[PDB]
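Beneath this line is the structure, given in structure tokens, with notes to follow.
Protein chains in written order, with the entry's author numbering: chain A, 8 to 102; chain B, 172 to 228; chain C, 19 to 114; chain D, 10 to 80; chain E, 10 to 80.
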């Protein structure tokens, strides 16, 4: 048991892992859930594992894009990332 | 060919394409836990194929 | 060197400062396999910016989906109708 | 090489049989059957769905469907 | 009803002036100038965005594109 510690090299390791566990992680990240990031402290601007906002944004590209809820949802996070107070959207027409 | 796993791609009530995943390498056949990875990962290619079909019309 | 499956999965805990940990803030294998996938997904979204490329992006999706499932081949069939009857042509064959 | 399908002459096909051709389009209508459950891109165009008139004129009672049968 | 813009009853504008009305179009020329810029969705329609019918008639020598100088 403990003799199977040739794993001091990371070659066979992480290879067995992506062979036998990647599926569950990629199937739960893309499923219905909520992001896990604090949104009060304005902290560190961000970190690297902290960029699950990408997954949170991809989760809504599923069906029946209403084109109004999605823009609102991306703006409600771009407001936090930029550290701004207000945001707005103007549309273009010709008469 | 020995094992097969396939699904369609739908725009409303119409079909646009079909995708196949022939020939699994280790198990005797595809397990039941892959059938959800398949659907949850093709959700992004569905959008691109729907955009292509709409642009063509 | 051989694979003993057993049931021991505990060596997937928090890892100390080690090699091949280039990203800043990764403390587990799960974090690495999450960040890699997130980056791969942001790429191929950077490619639909203009002039939607039906052939190219689906090819890069299939190259990943063939690796995830441990399958050996993948394909793509298109649908069309001639004089009232339907049929399925071929557009991508033997992607590995 | 050989394009990965191993055919160079022209489109090949498994089946064989007698050809079948389409009939011409004789009569047209403004109406379609009522909508199904699920919808996709391009299925909301005015005038291309329904019977060409609002549902109120065909079913006047549906106008004030908010109030119940008490009155 | 806050309405998020503090305005109700009709749109408001910063400045007002005399009305200006569009003019008709008569000539309706076929051709278009050569195309520049990024493509974007909704282009490459065959019939439109082109001059005449084909490139060959416009530039008869262009057929010998792959050939070198000496010939």
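Think of the CB as a built atom: it goes at the ideal place given N, C-alpha and C, for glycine as much as any other residue.
Handout entry: Helix, strand or coil at residue 16 (chain D) [DSSP, three-state]
Key = Coil, per DSSP.
Handout entry: Cβ contact (3+ pairs, closer than 8 Å) linking the region 178–198 of chain B and the region 81–100 of chain C
Key = In the pairwise beta carbon analysis, the region 178–198 of chain B is classified as touching the region 81–100 of chain C: at least three pairs are separated by under 8 Å.
Exercise for the section: Report the rounded CA-to-CA distance for residue 18 (chain E) versus residue 11 (chain E), giving the unit in angstroms. Expected result: Rounded to the nearest angstrom, the two C-alpha atoms are 13 Å apart.
Handout entry: Cross-chain neighbours of residue 108 (chain C) in chain D, by beta carbon under 8 Å
Key = By Cβ distance, chain D contributes 14.
Problem - Simplified DSSP assignment, three categories, for residue 13 (chain A) - result: It is helical.
Handout entry: Contact list for residue 45 (chain D) against chain B, beta-carbon separation under 8 Å
Key = Within chain B, the residues near residue 45 (chain D) are 184.
Problem - Residue range of the unbroken beta strand (DSSP E) whose run includes residue 7 (chain A) - result: Residue numbering for chain A in the displayed model covers 8 to 102; residue 7 (chain A) lies beyond these limits and cannot be assessed.
Practice task
Tell me, please, whether the CB atom of residue 33 (chain A) is closer than 8 Å to any CB atom in chain B?
Solution key: It does: the Cβ of residue 33 (chain A) has a partner Cβ on chain B nearer than 8 Å.
Handout entry: Below-8 Å beta-carbon distance, residue 30 (chain D) vs any chain C residue
Key = Judged by the 8 Å Cβ criterion, residue 30 (chain D) is in contact with chain C.
Exercise for the section: Compute the Euclidean distance between the alpha carbons of residue 203 (chain B) and residue 23 (chain A), then round it to the nearest angstrom. Expected result: Taking the straight line from one Cα to the other gives about 20 Å.
Exercise for the section: Please check if any C-beta of chain B sits within less than 8 Å of the C-beta of residue 56 (chain C). Expected result: Against chain B, the CB of residue 56 (chain C) has no partner CB under 8 Å away; the residue lies outside that interface.
Exercise for the section: Report, in whole angstroms, the separation of the C-beta atoms of residue 55 (chain A) and residue 53 (chain C), which I expect to be a contact under 8 Å. Expected result: A Cβ-Cβ distance of about 6 Å is found for the pair residue 55 (chain A) and residue 53 (chain C), placing them in contact under the 8 Å criterion.
Problem - Strand pairing of residue 178 (chain B), partner residues [DSSP] - result: For residue 178 (chain B), which the question treats as bridged, DSSP gives the partners B:190.
Exercise for the section: With DSSP as the reference, label residue 72 (chain C) as helix, strand or coil. Expected result: In this structure, DSSP gives residue 72 (chain C) a helical state, which the three-state scheme calls helix.
Problem - Residue from C:101, C:93, C:104, C:112 whose Cα sits closest to the Cα of residue 189 (chain B) - result: The option with the nearest alpha carbon to residue 189 (chain B) is C:93.
Exercise for the section: Give, in chain order, every unbroken run of the beta strand (DSSP E) that is at least 3 residues long and sits entirely within the region 31–79 of chain C. Expected result: Counting only runs of 3 or more, we get nothing.
Practice task
For residue 226 (chain B), name the three-state secondary structure that DSSP assigns.
Solution key: Here residue 226 (chain B) sits in helix by DSSP.
Handout entry: Chain-ordered residues of the region 74–98 of chain C with a beta carbon less than 7 Å from chain B
Key = The region 74–98 of chain C vs chain B, Cβ under 7 Å: 75, 76, 79, 83, 86, 87, 88, 89, 90, 91, 92, 93, 94, 95, 96, 97.
Problem - Within 9 Å of chain A by C-beta, residues of the region 204–220 of chain B in sequence order - result: Flagged, chain order: 204, 205, 207, 208, 211, 212, 214, 215, 217, 218.
Exercise for the section: Express the C-alpha separation of residue 213 (chain B) and residue 77 (chain D) in angstroms, rounding to a whole number. Expected result: Cα to Cα, residue 77 (chain D) sits roughly 47 Å from residue 213 (chain B).
Handout entry: DSSP state of residue 22 (chain A) mapped onto helix, strand, coil
Key = Helix at residue 22 (chain A).
Problem - Same chain, Cβ closer than 7 Å to residue 227 (chain B), five either side skipped, listed in chain order - result: Here the set comprises nothing.
Handout entry: Boundaries (first-last residue) of the alpha helix (DSSP H) holding residue 44 (chain A)
Key = Counted as a single uninterrupted DSSP element, the stretch harbouring residue 44 (chain A) is not any alpha helix (DSSP H), since DSSP gives it neither H nor E.
Handout entry: Extent of the continuous alpha helix (DSSP H) run through residue 82 (chain A)
Key = From DSSP, the alpha helix (DSSP H) with residue 82 (chain A) extends over 76–89.
Practice task
Output yes if chain C places a C-beta closer than 8 Å to the C-beta of residue 105 (chain A); else output no.
Solution key: One cannot answer for residue 105 (chain A) here, as it falls past the ends of chain A, which runs 8 to 102.
Handout entry: Distance, residue 42 (chain D) Cα to residue 105 (chain C) Cα
Key = About 26 Å.
Problem - Three-state class that DSSP yields for residue 11 (chain E) in the structure shown - result: In the structure shown, residue 11 (chain E) sits in coil (DSSP, three-state: anything other than H, G, I, E or B).
Exercise for the section: Could you tell me whether any Cβ in chain B is nearer than 8 Å to the Cβ of residue 49 (chain D)? Expected result: Closer than 8 Å to some Cβ of chain B, the Cβ of residue 49 (chain D) qualifies, so yes.
Handout entry: Between the CA atoms of residue 51 (chain E) and residue 45 (chain E) - distance to the nearest angstrom
Key = When the Cα atoms are used, residue 45 (chain E) and residue 51 (chain E) turn out to be separated by approximately 15 Å.
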